[PDB]
>>> print(open('final_25.cif').read())   # mmCIF, C-alpha atoms and all ligand atoms
data_protein
loop_
_atom_site.group_PDB
_atom_site.id
_atom_site.type_symbol
_atom_site.label_atom_id
_atom_site.label_comp_id
_atom_site.auth_asym_id
_atom_site.auth_seq_id
_atom_site.Cartn_x
_atom_site.Cartn_y
_atom_site.Cartn_z
ATOM 1 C CA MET Z 1 7.144 -14.197 10.236
ATOM 2 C CA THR Z 2 10.399 -14.872 8.333
ATOM 3 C CA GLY Z 3 9.453 -11.864 6.182
ATOM 4 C CA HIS Z 4 11.121 -9.348 3.964
ATOM 5 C CA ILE Z 5 13.239 -6.814 5.738
ATOM 6 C CA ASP Z 6 15.895 -5.759 3.251
ATOM 7 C CA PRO Z 7 16.146 -5.379 -0.489
ATOM 8 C CA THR Z 8 18.277 -7.853 -2.425
ATOM 9 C CA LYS Z 9 21.317 -6.572 -4.315
ATOM 10 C CA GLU Z 10 19.831 -7.705 -7.653
ATOM 11 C CA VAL Z 11 16.568 -5.756 -7.154
ATOM 12 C CA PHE Z 12 18.330 -2.654 -5.886
ATOM 13 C CA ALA Z 13 20.327 -2.763 -9.136
ATOM 14 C CA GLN Z 14 16.982 -2.717 -10.979
ATOM 15 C CA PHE Z 15 15.939 0.330 -8.879
ATOM 16 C CA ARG Z 16 19.066 2.236 -9.896
ATOM 17 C CA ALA Z 17 18.650 0.993 -13.528
ATOM 18 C CA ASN Z 18 15.310 2.757 -13.840
ATOM 19 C CA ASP Z 19 16.502 6.305 -13.303
ATOM 20 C CA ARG Z 20 13.814 8.219 -15.191
ATOM 21 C CA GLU Z 21 13.526 11.835 -14.181
ATOM 22 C CA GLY Z 22 10.722 12.655 -11.763
ATOM 23 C CA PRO Z 23 9.681 12.084 -8.214
ATOM 24 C CA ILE Z 24 9.368 8.609 -6.868
ATOM 25 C CA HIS Z 25 6.821 7.657 -4.234
ATOM 26 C CA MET Z 26 7.792 4.944 -1.849
ATOM 27 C CA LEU Z 27 4.827 3.131 -0.298
ATOM 28 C CA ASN Z 28 6.000 1.481 2.939
ATOM 29 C CA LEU Z 29 4.037 -1.295 4.687
ATOM 30 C CA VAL Z 30 5.803 -2.178 7.966
ATOM 31 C CA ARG Z 31 5.020 -4.950 10.486
ATOM 32 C CA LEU Z 32 7.140 -4.443 13.586
ATOM 33 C CA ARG Z 33 8.438 -7.297 15.728
ATOM 34 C CA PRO Z 34 7.272 -7.317 19.374
ATOM 35 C CA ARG Z 35 10.845 -7.696 20.577
ATOM 36 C CA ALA Z 36 13.654 -6.058 18.545
ATOM 37 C CA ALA Z 37 16.278 -8.485 17.169
ATOM 38 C CA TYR Z 38 19.608 -6.659 17.577
ATOM 39 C CA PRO Z 39 22.892 -8.647 17.175
ATOM 40 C CA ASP Z 40 24.011 -7.493 20.624
ATOM 41 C CA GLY Z 41 21.309 -8.980 22.818
ATOM 42 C CA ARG Z 42 19.721 -5.694 23.883
ATOM 43 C CA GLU Z 43 16.102 -5.947 24.886
ATOM 44 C CA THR Z 44 13.770 -3.343 23.410
ATOM 45 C CA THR Z 45 10.477 -3.197 21.533
ATOM 46 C CA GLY Z 46 10.289 -3.123 17.751
ATOM 47 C CA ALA Z 47 8.503 0.246 18.081
ATOM 48 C CA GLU Z 48 11.295 1.697 20.146
ATOM 49 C CA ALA Z 49 13.839 0.442 17.554
ATOM 50 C CA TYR Z 50 11.837 1.759 14.595
ATOM 51 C CA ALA Z 51 11.607 5.121 16.407
ATOM 52 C CA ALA Z 52 15.385 5.212 16.741
ATOM 53 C CA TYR Z 53 15.691 4.456 12.974
ATOM 54 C CA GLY Z 54 13.343 7.368 12.268
ATOM 55 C CA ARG Z 55 15.050 9.691 14.747
ATOM 56 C CA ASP Z 56 18.471 9.034 13.196
ATOM 57 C CA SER Z 57 17.538 8.836 9.474
ATOM 58 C CA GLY Z 58 15.177 11.824 9.393
ATOM 59 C CA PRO Z 59 17.868 14.437 8.902
ATOM 60 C CA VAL Z 60 19.549 12.559 6.074
ATOM 61 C CA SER Z 61 16.251 12.138 4.275
ATOM 62 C CA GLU Z 62 15.280 15.751 4.837
ATOM 63 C CA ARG Z 63 18.612 17.046 3.585
ATOM 64 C CA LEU Z 64 18.248 15.082 0.308
ATOM 65 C CA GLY Z 65 14.576 16.004 -0.424
ATOM 66 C CA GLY Z 66 12.687 13.168 1.251
ATOM 67 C CA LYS Z 67 9.325 14.004 2.778
ATOM 68 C CA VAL Z 68 6.444 11.893 4.077
ATOM 69 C CA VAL Z 69 3.566 12.957 1.861
ATOM 70 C CA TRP Z 70 0.862 10.598 3.264
ATOM 71 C CA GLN Z 71 0.476 8.472 6.315
ATOM 72 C CA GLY Z 72 -2.319 6.353 7.773
ATOM 73 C CA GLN Z 73 -3.160 4.304 10.832
ATOM 74 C CA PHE Z 74 -4.016 0.724 9.908
ATOM 75 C CA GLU Z 75 -7.599 -0.199 10.772
ATOM 76 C CA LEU Z 76 -8.611 -3.281 8.765
ATOM 77 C CA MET Z 77 -7.596 -5.678 6.029
ATOM 78 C CA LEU Z 78 -11.010 -5.506 4.313
ATOM 79 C CA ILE Z 79 -9.823 -7.527 1.295
ATOM 80 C CA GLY Z 80 -6.869 -9.815 1.812
ATOM 81 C CA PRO Z 81 -5.735 -12.405 4.389
ATOM 82 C CA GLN Z 82 -6.250 -11.584 8.098
ATOM 83 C CA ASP Z 83 -2.680 -12.622 9.016
ATOM 84 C CA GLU Z 84 -1.674 -9.479 7.080
ATOM 85 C CA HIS Z 85 -1.493 -6.403 9.216
ATOM 86 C CA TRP Z 86 0.780 -3.413 9.231
ATOM 87 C CA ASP Z 87 1.915 -1.103 12.013
ATOM 88 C CA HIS Z 88 3.229 1.698 9.864
ATOM 89 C CA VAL Z 89 1.815 2.621 6.487
ATOM 90 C CA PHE Z 90 3.070 5.705 4.658
ATOM 91 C CA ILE Z 91 4.275 7.188 1.411
ATOM 92 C CA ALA Z 92 7.655 8.969 1.221
ATOM 93 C CA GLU Z 93 8.429 11.090 -1.816
ATOM 94 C CA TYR Z 94 11.968 11.707 -3.062
ATOM 95 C CA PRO Z 95 12.665 14.021 -5.949
ATOM 96 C CA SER Z 96 14.826 11.530 -7.813
ATOM 97 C CA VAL Z 97 16.121 7.993 -7.693
ATOM 98 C CA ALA Z 98 19.533 9.555 -7.146
ATOM 99 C CA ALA Z 99 18.308 11.246 -3.980
ATOM 100 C CA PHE Z 100 17.193 7.938 -2.565
ATOM 101 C CA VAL Z 101 20.446 6.252 -3.445
ATOM 102 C CA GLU Z 102 22.430 9.018 -1.798
ATOM 103 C CA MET Z 103 20.359 8.528 1.340
ATOM 104 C CA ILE Z 104 21.011 4.826 1.546
ATOM 105 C CA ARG Z 105 24.754 5.471 0.965
ATOM 106 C CA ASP Z 106 25.006 8.046 3.724
ATOM 107 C CA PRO Z 107 27.216 6.851 6.583
ATOM 108 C CA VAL Z 108 24.743 8.261 9.117
ATOM 109 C CA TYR Z 109 21.865 6.438 7.336
ATOM 110 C CA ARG Z 110 23.798 3.180 7.126
ATOM 111 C CA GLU Z 111 24.022 3.269 10.960
ATOM 112 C CA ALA Z 112 20.408 4.312 11.503
ATOM 113 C CA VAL Z 113 19.132 1.460 9.329
ATOM 114 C CA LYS Z 114 20.684 -1.079 11.669
ATOM 115 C CA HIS Z 115 17.725 -0.146 13.904
ATOM 116 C CA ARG Z 116 15.220 -0.816 11.091
ATOM 117 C CA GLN Z 117 16.841 -4.205 10.579
ATOM 118 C CA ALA Z 118 16.301 -5.014 14.256
ATOM 119 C CA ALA Z 119 12.742 -3.626 14.258
ATOM 120 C CA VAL Z 120 11.042 -5.056 11.230
ATOM 121 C CA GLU Z 121 9.324 -8.404 11.213
ATOM 122 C CA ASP Z 122 7.978 -8.108 7.687
ATOM 123 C CA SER Z 123 7.512 -5.200 5.288
ATOM 124 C CA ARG Z 124 6.879 -4.027 1.731
ATOM 125 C CA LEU Z 125 8.559 -1.128 -0.006
ATOM 126 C CA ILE Z 126 6.812 -0.393 -3.258
ATOM 127 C CA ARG Z 127 8.242 2.029 -5.750
ATOM 128 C CA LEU Z 128 5.681 4.097 -7.681
ATOM 129 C CA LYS Z 129 5.597 6.923 -10.176
ATOM 130 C CA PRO Z 130 2.995 9.437 -8.970
ATOM 131 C CA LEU Z 131 0.001 9.944 -11.303
ATOM 132 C CA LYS Z 132 -2.571 12.750 -11.687
ATOM 133 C CA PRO Z 133 -5.555 11.016 -9.978
ATOM 134 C CA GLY Z 134 -7.596 10.569 -13.244
ATOM 135 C CA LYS Z 135 -6.812 6.880 -14.161
ATOM 136 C CA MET J 1 -4.205 -17.460 -8.927
ATOM 137 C CA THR J 2 -6.395 -17.994 -5.797
ATOM 138 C CA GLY J 3 -5.901 -14.433 -4.653
ATOM 139 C CA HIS J 4 -8.178 -12.389 -2.523
ATOM 140 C CA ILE J 5 -10.870 -10.702 -4.515
ATOM 141 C CA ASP J 6 -13.787 -10.042 -2.193
ATOM 142 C CA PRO J 7 -14.242 -9.265 1.469
ATOM 143 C CA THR J 8 -15.640 -12.031 3.683
ATOM 144 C CA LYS J 9 -18.912 -11.398 5.520
ATOM 145 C CA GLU J 10 -17.242 -11.553 8.962
ATOM 146 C CA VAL J 11 -14.598 -8.951 8.085
ATOM 147 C CA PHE J 12 -17.140 -6.611 6.535
ATOM 148 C CA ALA J 13 -19.020 -6.791 9.833
ATOM 149 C CA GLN J 14 -15.865 -5.660 11.595
ATOM 150 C CA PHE J 15 -15.596 -2.779 9.092
ATOM 151 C CA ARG J 16 -19.101 -1.577 9.900
ATOM 152 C CA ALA J 17 -18.498 -2.199 13.641
ATOM 153 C CA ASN J 18 -15.725 0.381 13.618
ATOM 154 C CA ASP J 19 -17.793 3.383 12.658
ATOM 155 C CA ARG J 20 -15.731 6.152 14.256
ATOM 156 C CA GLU J 21 -16.372 9.559 12.748
ATOM 157 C CA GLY J 22 -13.840 10.875 10.244
ATOM 158 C CA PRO J 23 -12.702 10.043 6.771
ATOM 159 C CA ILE J 24 -11.402 6.669 5.821
ATOM 160 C CA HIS J 25 -8.616 6.080 3.376
ATOM 161 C CA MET J 26 -8.849 2.912 1.413
ATOM 162 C CA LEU J 27 -5.497 1.730 0.011
ATOM 163 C CA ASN J 28 -6.154 -0.519 -2.995
ATOM 164 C CA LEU J 29 -3.476 -2.871 -4.397
ATOM 165 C CA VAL J 30 -4.894 -4.619 -7.507
ATOM 166 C CA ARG J 31 -3.390 -7.371 -9.664
ATOM 167 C CA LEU J 32 -5.444 -7.983 -12.784
ATOM 168 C CA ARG J 33 -6.046 -11.233 -14.693
ATOM 169 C CA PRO J 34 -4.725 -11.401 -18.203
ATOM 170 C CA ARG J 35 -8.079 -12.892 -19.199
ATOM 171 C CA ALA J 36 -11.238 -11.763 -17.341
ATOM 172 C CA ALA J 37 -13.105 -14.600 -15.605
ATOM 173 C CA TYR J 38 -16.804 -13.844 -16.166
ATOM 174 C CA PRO J 39 -19.665 -16.459 -15.827
ATOM 175 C CA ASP J 40 -20.428 -15.724 -19.535
ATOM 176 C CA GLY J 41 -16.990 -16.948 -20.620
ATOM 177 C CA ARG J 42 -16.759 -13.746 -22.697
ATOM 178 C CA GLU J 43 -13.268 -12.770 -23.763
ATOM 179 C CA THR J 44 -12.006 -9.400 -22.472
ATOM 180 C CA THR J 45 -8.790 -8.477 -20.767
ATOM 181 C CA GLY J 46 -8.712 -7.969 -17.031
ATOM 182 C CA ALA J 47 -7.902 -4.323 -17.781
ATOM 183 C CA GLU J 48 -10.968 -3.959 -19.924
ATOM 184 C CA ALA J 49 -13.195 -5.473 -17.203
ATOM 185 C CA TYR J 50 -11.638 -3.285 -14.523
ATOM 186 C CA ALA J 51 -12.227 -0.270 -16.776
ATOM 187 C CA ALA J 52 -15.909 -1.167 -16.961
ATOM 188 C CA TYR J 53 -16.003 -1.543 -13.147
ATOM 189 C CA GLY J 54 -14.569 1.938 -12.735
ATOM 190 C CA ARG J 55 -16.793 3.374 -15.464
ATOM 191 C CA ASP J 56 -20.028 2.093 -13.924
ATOM 192 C CA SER J 57 -19.070 2.548 -10.235
ATOM 193 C CA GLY J 58 -17.599 6.075 -10.558
ATOM 194 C CA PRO J 59 -20.878 7.957 -10.384
ATOM 195 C CA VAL J 60 -21.999 6.131 -7.306
ATOM 196 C CA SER J 61 -18.751 6.769 -5.529
ATOM 197 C CA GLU J 62 -18.776 10.435 -6.487
ATOM 198 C CA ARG J 63 -22.338 10.942 -5.394
ATOM 199 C CA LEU J 64 -21.511 9.614 -1.899
ATOM 200 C CA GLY J 65 -18.228 11.551 -1.357
ATOM 201 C CA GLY J 66 -15.649 9.106 -2.683
ATOM 202 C CA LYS J 67 -12.614 10.608 -4.394
ATOM 203 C CA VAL J 68 -9.299 9.125 -5.424
ATOM 204 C CA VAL J 69 -6.793 11.205 -3.455
ATOM 205 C CA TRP J 70 -3.550 9.499 -4.592
ATOM 206 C CA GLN J 71 -2.629 7.142 -7.333
ATOM 207 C CA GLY J 72 0.642 5.613 -8.557
ATOM 208 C CA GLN J 73 2.094 3.507 -11.342
ATOM 209 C CA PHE J 74 3.877 0.455 -9.961
ATOM 210 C CA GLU J 75 7.572 0.405 -10.860
ATOM 211 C CA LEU J 76 9.358 -1.991 -8.451
ATOM 212 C CA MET J 77 8.884 -4.209 -5.406
ATOM 213 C CA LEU J 78 12.080 -2.911 -3.770
ATOM 214 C CA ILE J 79 11.450 -4.763 -0.483
ATOM 215 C CA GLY J 80 9.228 -7.811 -0.694
ATOM 216 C CA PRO J 81 8.898 -10.902 -2.890
ATOM 217 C CA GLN J 82 9.288 -10.442 -6.649
ATOM 218 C CA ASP J 83 6.123 -12.425 -7.391
ATOM 219 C CA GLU J 84 4.219 -9.527 -5.814
ATOM 220 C CA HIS J 85 3.324 -6.876 -8.338
ATOM 221 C CA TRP J 86 0.303 -4.643 -8.689
ATOM 222 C CA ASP J 87 -1.305 -3.140 -11.785
ATOM 223 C CA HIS J 88 -3.313 -0.512 -9.944
ATOM 224 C CA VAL J 89 -2.333 1.213 -6.737
ATOM 225 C CA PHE J 90 -4.338 4.047 -5.280
ATOM 226 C CA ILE J 91 -5.965 5.547 -2.237
ATOM 227 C CA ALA J 92 -9.703 6.382 -2.231
ATOM 228 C CA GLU J 93 -11.104 8.620 0.490
ATOM 229 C CA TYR J 94 -14.658 8.412 1.782
ATOM 230 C CA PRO J 95 -16.013 10.844 4.315
ATOM 231 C CA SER J 96 -17.461 8.146 6.484
ATOM 232 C CA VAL J 97 -17.780 4.413 6.889
ATOM 233 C CA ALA J 98 -21.473 4.873 6.178
ATOM 234 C CA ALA J 99 -20.704 6.560 2.865
ATOM 235 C CA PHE J 100 -18.801 3.473 1.796
ATOM 236 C CA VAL J 101 -21.442 1.054 3.003
ATOM 237 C CA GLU J 102 -24.042 2.946 1.047
ATOM 238 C CA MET J 103 -21.880 2.576 -2.060
ATOM 239 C CA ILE J 104 -21.446 -1.140 -1.758
ATOM 240 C CA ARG J 105 -25.233 -1.435 -1.195
ATOM 241 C CA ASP J 106 -26.150 0.672 -4.170
ATOM 242 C CA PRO J 107 -27.816 -1.450 -6.858
ATOM 243 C CA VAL J 108 -25.889 0.274 -9.627
ATOM 244 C CA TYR J 109 -22.640 -0.529 -7.703
ATOM 245 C CA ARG J 110 -23.700 -4.078 -7.093
ATOM 246 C CA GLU J 111 -23.816 -4.648 -10.884
ATOM 247 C CA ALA J 112 -20.598 -2.735 -11.588
ATOM 248 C CA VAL J 113 -18.717 -4.828 -9.030
ATOM 249 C CA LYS J 114 -19.416 -7.944 -11.094
ATOM 250 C CA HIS J 115 -16.773 -6.545 -13.439
ATOM 251 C CA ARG J 116 -14.323 -6.220 -10.547
ATOM 252 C CA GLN J 117 -14.973 -9.861 -9.684
ATOM 253 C CA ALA J 118 -14.121 -10.871 -13.228
ATOM 254 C CA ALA J 119 -11.041 -8.602 -13.425
ATOM 255 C CA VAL J 120 -9.100 -9.183 -10.248
ATOM 256 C CA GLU J 121 -6.537 -11.938 -9.804
ATOM 257 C CA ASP J 122 -5.434 -10.791 -6.356
ATOM 258 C CA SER J 123 -5.832 -7.596 -4.369
ATOM 259 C CA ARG J 124 -5.540 -5.898 -1.062
ATOM 260 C CA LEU J 125 -7.900 -3.314 0.354
ATOM 261 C CA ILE J 126 -6.521 -1.751 3.489
ATOM 262 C CA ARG J 127 -8.621 0.581 5.561
ATOM 263 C CA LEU J 128 -6.702 3.413 7.198
ATOM 264 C CA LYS J 129 -7.377 6.468 9.312
ATOM 265 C CA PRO J 130 -5.480 9.424 7.784
ATOM 266 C CA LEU J 131 -2.774 10.920 9.969
ATOM 267 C CA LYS J 132 -1.098 14.357 9.831
ATOM 268 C CA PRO J 133 2.262 13.206 8.280
ATOM 269 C CA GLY J 134 4.262 13.647 11.570
ATOM 270 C CA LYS J 135 4.607 10.106 13.185
HETATM 271 CL CL CL E 1 11.059 5.218 1.937
HETATM 272 CL CL CL E 2 -12.008 1.864 -2.357
#
>>> encode(input="final_25.cif", output="structure tokens", more="lines below")
Ligand SMILES: [Cl-]
Ligand SMILES: [Cl-]
Amino acid sequence: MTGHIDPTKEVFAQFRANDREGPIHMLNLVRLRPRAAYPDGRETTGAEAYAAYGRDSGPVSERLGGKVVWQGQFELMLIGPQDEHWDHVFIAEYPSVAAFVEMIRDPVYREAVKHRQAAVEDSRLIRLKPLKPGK
Amino acid sequence: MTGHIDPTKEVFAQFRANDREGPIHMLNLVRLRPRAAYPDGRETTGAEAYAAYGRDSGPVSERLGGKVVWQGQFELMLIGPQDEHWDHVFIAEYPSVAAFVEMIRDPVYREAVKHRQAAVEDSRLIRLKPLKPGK
């Protein structure tokens, strides 16, 4: 897959534009590459690289209010194409758009994400407003 | 569009094949038609048809242990293609694979789902095993 790894500048501007007060839930669908694509040639698995991203970004996220509020192990694409499969599926909550922006501006995060860039073959990051589960 | 609306028979077999004990979380991503595509030709919005699906399927789901455990309003595809957007995004929990199979076999559900078939332009239905949110 030549898939989607990073957000575009235009769409991130849209993210920041919609700054309504309230938590944001970030649904992540991540397909990891078998071999990590670092610029230096280093040879490691996508999983190992994604782990490093996690290890190094965790504290920044935690400090600014991020928390993983749901996580699941992928078992089956019951409706959808079979070429779609995800290795990590989770929802991260942040208490504000501003918290998320501060995370992605953090110098420590900006280094950690270099690992994500090397790790991810394809992904989705869907921004949602949480609802009371009654439609 | 030619999206994915229903599960294929082969993939549903795989779903039933994996009958490990424990709840299942079903992540639904649903894109609705502007105009519902029933056999009748009747004019209703996709939203109206999906409403009817929910209305008539709710009791069956409830009776067999189904519950919506998380639900969100789509705000932005931050990472991914901009043509991907979803009108309904939620996670339904069932206590077993069998509970879910009994739902989709229920004759009341089998009529309700006709509304889903009319409503949905494209969708994903991802089966997950819930994890304790620590990687
Ligand atoms: Cl996130
Ligand atoms: Cl479901």
>>> residues_around(input="final_25.cif", residues="segment 124-135 of chain J", least_positions_apart="4", cutoff="7 Å", atoms="all atoms listed in the file", output="VMD selection string")
(chain Z and resid 68 to 80) or (chain J and resid 23 to 30)
>>> resolve_selection(input="final_25.cif", expression="the PyMOL selection byres (((chain Z and resi 93-102) around 6) and not hetatm)", output="ChimeraX atom specification")
/Z:19,22-25,64-67,92,103-105
>>> write_last_selection(input="final_25.cif", atoms="C-alpha atoms", output="PDB file, in the coordinates of the input")
ATOM      1  CA  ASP Z  19      16.502   6.305 -13.303  1.00  0.00           C
ATOM      2  CA  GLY Z  22      10.722  12.655 -11.763  1.00  0.00           C
ATOM      3  CA  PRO Z  23       9.681  12.084  -8.214  1.00  0.00           C
ATOM      4  CA  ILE Z  24       9.368   8.609  -6.868  1.00  0.00           C
ATOM      5  CA  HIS Z  25       6.821   7.657  -4.234  1.00  0.00           C
ATOM      6  CA  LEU Z  64      18.248  15.082   0.308  1.00  0.00           C
ATOM      7  CA  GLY Z  65      14.576  16.004  -0.424  1.00  0.00           C
ATOM      8  CA  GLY Z  66      12.687  13.168   1.251  1.00  0.00           C
ATOM      9  CA  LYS Z  67       9.325  14.004   2.778  1.00  0.00           C
ATOM     10  CA  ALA Z  92       7.655   8.969   1.221  1.00  0.00           C
ATOM     11  CA  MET Z 103      20.359   8.528   1.340  1.00  0.00           C
ATOM     12  CA  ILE Z 104      21.011   4.826   1.546  1.00  0.00           C
ATOM     13  CA  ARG Z 105      24.754   5.471   0.965  1.00  0.00           C
TER      14      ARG Z 105
END
>>> resolve_selection(input="final_25.cif", expression="the PyMOL selection byres (((chain J and resi 5) around 10) and not hetatm)", output="NGL selection string")
(:Z and (79-80)) or (:J and (2-4 or 6-8 or 30-31 or 116-125))
>>> closest_residue(input="final_25.cif", among="Z:60, Z:17, Z:91, Z:37", to="ligand CL 1 (chain E)", atoms="only C-alpha atoms and all ligand atoms")
Z:91
>>> resolve_selection(input="final_25.cif", expression="the PyMOL selection byres (((chain J and resi 52) around 12) and not hetatm)", output="ChimeraX atom specification")
/J:36,44-51,53-58,109,111-119
>>> axis_aligned_box(input="final_25.cif", around="segment 31-35 of chain Z", padding_each_side="6 Å", output="AutoDock Vina command-line options")
--center_x 7.9 --center_y -6.1 --center_z 15.5 --size_x 17.8 --size_y 15.3 --size_z 22.1
>>> atom_distance(input="final_25.cif", atom1="atom CA of residue 87 of chain Z", atom2="atom CA of residue 32 of chain Z")
6.4 Å
>>> closest_residue(input="final_25.cif", among="Z:21, Z:9, Z:107, Z:89", to="ligand CL 1 (chain E)", atoms="all atoms listed in the file")
Z:89
>>> build_atoms(input="final_25.cif", residues="segment 52-71 of chain Z", atoms="N, CA, C and O atoms", output="short mmCIF file (atom, residue, chain, number, x, y, z; two decimals), keeping the file's coordinate frame")
data_model
loop_
_atom_site.label_atom_id
_atom_site.label_comp_id
_atom_site.auth_asym_id
_atom_site.auth_seq_id
_atom_site.Cartn_x
_atom_site.Cartn_y
_atom_site.Cartn_z
N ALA Z 52 13.99 4.83 16.82
CA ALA Z 52 15.38 5.21 16.74
C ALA Z 52 15.82 5.35 15.25
O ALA Z 52 16.48 6.32 14.88
N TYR Z 53 15.43 4.40 14.41
CA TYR Z 53 15.69 4.46 12.97
C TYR Z 53 15.21 5.78 12.39
O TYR Z 53 15.98 6.49 11.70
N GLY Z 54 13.94 6.08 12.65
CA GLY Z 54 13.34 7.37 12.27
C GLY Z 54 14.13 8.56 12.81
O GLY Z 54 14.54 9.43 12.09
N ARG Z 55 14.35 8.58 14.12
CA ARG Z 55 15.05 9.69 14.75
C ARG Z 55 16.39 9.93 14.03
O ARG Z 55 16.71 11.06 13.69
N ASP Z 56 17.13 8.87 13.73
CA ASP Z 56 18.47 9.03 13.20
C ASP Z 56 18.56 9.17 11.68
O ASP Z 56 19.57 9.66 11.18
N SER Z 57 17.54 8.72 10.95
CA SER Z 57 17.54 8.84 9.47
C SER Z 57 16.82 10.08 8.96
O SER Z 57 17.07 10.53 7.85
N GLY Z 58 15.93 10.64 9.76
CA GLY Z 58 15.18 11.82 9.39
C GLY Z 58 16.02 12.91 8.76
O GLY Z 58 15.73 13.36 7.67
N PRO Z 59 17.09 13.33 9.44
CA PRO Z 59 17.87 14.44 8.90
C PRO Z 59 18.52 14.15 7.57
O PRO Z 59 18.69 15.08 6.77
N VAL Z 60 18.89 12.91 7.33
CA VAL Z 60 19.55 12.56 6.07
C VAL Z 60 18.51 12.68 4.97
O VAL Z 60 18.72 13.26 3.92
N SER Z 61 17.35 12.13 5.24
CA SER Z 61 16.25 12.14 4.28
C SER Z 61 15.85 13.56 3.91
O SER Z 61 15.69 13.90 2.72
N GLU Z 62 15.71 14.37 4.96
CA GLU Z 62 15.28 15.75 4.84
C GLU Z 62 16.25 16.55 4.00
O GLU Z 62 15.85 17.30 3.13
N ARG Z 63 17.53 16.35 4.26
CA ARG Z 63 18.61 17.05 3.58
C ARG Z 63 18.61 16.74 2.10
O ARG Z 63 18.94 17.60 1.31
N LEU Z 64 18.27 15.51 1.71
CA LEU Z 64 18.25 15.08 0.31
C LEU Z 64 16.85 15.14 -0.39
O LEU Z 64 16.68 14.63 -1.47
N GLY Z 65 15.87 15.79 0.21
CA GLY Z 65 14.58 16.00 -0.42
C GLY Z 65 13.44 15.05 -0.05
O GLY Z 65 12.33 15.19 -0.53
N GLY Z 66 13.73 14.05 0.78
CA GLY Z 66 12.69 13.17 1.25
C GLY Z 66 11.66 13.95 2.06
O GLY Z 66 11.99 14.96 2.74
N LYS Z 67 10.41 13.50 1.96
CA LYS Z 67 9.32 14.00 2.78
C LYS Z 67 8.19 12.97 2.81
O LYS Z 67 7.91 12.31 1.83
N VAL Z 68 7.58 12.78 3.97
CA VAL Z 68 6.44 11.89 4.08
C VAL Z 68 5.28 12.67 3.57
O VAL Z 68 4.92 13.65 4.17
N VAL Z 69 4.69 12.24 2.46
CA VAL Z 69 3.57 12.96 1.86
C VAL Z 69 2.19 12.38 2.23
O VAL Z 69 1.21 13.02 2.06
N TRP Z 70 2.12 11.16 2.75
CA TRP Z 70 0.86 10.60 3.26
C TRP Z 70 1.16 9.53 4.25
O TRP Z 70 2.11 8.80 4.11
N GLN Z 71 0.31 9.44 5.25
CA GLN Z 71 0.48 8.47 6.32
C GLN Z 71 -0.88 8.08 6.87
O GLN Z 71 -1.75 8.93 7.03
#
